[PDB]
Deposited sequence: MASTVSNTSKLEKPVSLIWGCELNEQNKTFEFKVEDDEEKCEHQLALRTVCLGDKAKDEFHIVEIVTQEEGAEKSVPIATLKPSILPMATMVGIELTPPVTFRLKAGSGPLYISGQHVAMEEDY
């Protein structure tokens, strides 16, 4: 077990996590993130897993989401920064 995390933003919309297993914990926006909808999806086919917005819902708790690498996280919408936290087992 090793705490893990990544940041997605306008300039770096994608992050890839390349046995091993990643359990997600939270997704949250930076305080300087544009006040608009942010959507993070997992790409393998893309699957939206979270929709956040600073003035509406600044974060979300992920539960029971365990992924087998490799997995790519893409910022479908929003300027970010958007942080994803998890445990790399």
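K.L.:
Quickly check which stretches of the deposited sequence aren't in the model, judged by C-alpha, and list them in order.
P.N.:
No C-alpha for residues 1-15, 34-41, 68-73, 119-124.
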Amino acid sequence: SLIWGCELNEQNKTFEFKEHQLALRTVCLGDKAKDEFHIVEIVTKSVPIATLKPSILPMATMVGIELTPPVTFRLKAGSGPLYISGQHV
From here on, numbers count along this sequence of modelled residues.
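K.L.:
So which stretch wins on mean C-alpha B-factor, 75-83 or 62-70?
P.N.:
Looking at the recorded C-alpha B-factors, 62-70 comes out higher on average.
K.L.:
When you compare the CA B-factors of 44, 51, 55, 26 as listed in the entry, which one comes out on top?
P.N.:
Across 44, 51, 55, 26, the entry lists the biggest C-alpha B-factor for 44.
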